[PDB]
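Just one chain follows, in the form deposited in one PDB entry, and it is written as structure tokens.
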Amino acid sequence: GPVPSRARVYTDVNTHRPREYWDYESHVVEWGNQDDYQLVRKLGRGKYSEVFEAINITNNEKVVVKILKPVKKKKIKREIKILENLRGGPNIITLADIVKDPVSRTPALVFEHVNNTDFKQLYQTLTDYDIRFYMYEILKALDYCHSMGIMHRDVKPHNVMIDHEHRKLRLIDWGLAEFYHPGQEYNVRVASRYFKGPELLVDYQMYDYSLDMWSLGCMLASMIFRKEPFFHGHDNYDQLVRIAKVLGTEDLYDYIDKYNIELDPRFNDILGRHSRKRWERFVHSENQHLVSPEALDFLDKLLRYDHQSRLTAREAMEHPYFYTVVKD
């Protein structure tokens, strides 16, 4: 069978927390007053929820309300418990309230509001300095949640809310997040296709916080090279082929051989043989102002097949790429 794996950091955080910290199935939800919140505008819909701009009429402040679609009670409790555990942490979206929606007959999560700009428009304008700054802000959120025993598992541009006017960033959508427990096997049907780590694509279930670092590297690659998404697969099999055309097939085989993993035999006709590429190949006259030797080395250290070889969030914050970012 497969060789087991452990996180190289924050391995035992949940073991030594009180059980109530991670035992979300036992969590008792504290409900607020549903009439405190008046819906104003629908912002989006998905398979799991609908999201609205709203007003909190006890302070006349904007909030965001996520009205959950019917899903299993443990997954609702998991997201609620994670949001409560992380509340107040650096750049973590604040859960302000939880109320029972009378129409949906489901919980509605009330969040602080971010006056954000759309990433499809924001990424057109961010400077080299902007990208370094906001990457550092994301890392603060990821090191925090990892240090608190939680992996996000859905890092992608859509889940990073940026108020560019105030240089404010929030990591949102903790609905796929999980508590890390050493030796636990997790569902690989997490993250969006373009941000799925190799561990998910080869069906290796004993993964950890380092999944979020692959996803972050995918975001970084798309920003500095001006190609969004960077690894643009047509499905989950082609996604791994796209990765292998950049990182090469020999190191993919080294990865699965290390963990005594077999590829799906359907890769026999589609994977091919590919050398590992040098990152300079993706530099051109229209992105070179976003690229530096520091950026390429940082990217190279995030995008590793072996989840055990990727930079941790704290290690990433030590990288020379961030030396030019003004510290607070």
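In case it trips you up, residue 1 is the first one in the sequence shown, and so on.
Not pictured, yet referred to below: the form solved in complex with a small molecule.
With respect to the small molecule in the deposited bound form, the three residues 51, 135 and 138 uniformly fall within 4.5 angstroms at the level of their nearest heavy atom. In summary, among the residues 96, 162, 191, 247, the only one with a non-hydrogen atom within 4.5 Å of the small molecule in the deposited bound form is 162.
Residue contact with the small molecule in the deposited bound form: residue 119 places a heavy atom within 4.5 Å of it. At a distance threshold of 4.5 angstroms between non-hydrogen atoms, residue 219 is in contact with the small molecule in the deposited bound form. Taking the partner from the other structure, the small molecule in the deposited bound form has no heavy atom within 4.5 Å of any heavy atom of residue 206. Mapping the unseen interface onto this chain, residue 223 counts among the residues with a heavy atom inside 4.5 Å of the small molecule in the deposited bound form.
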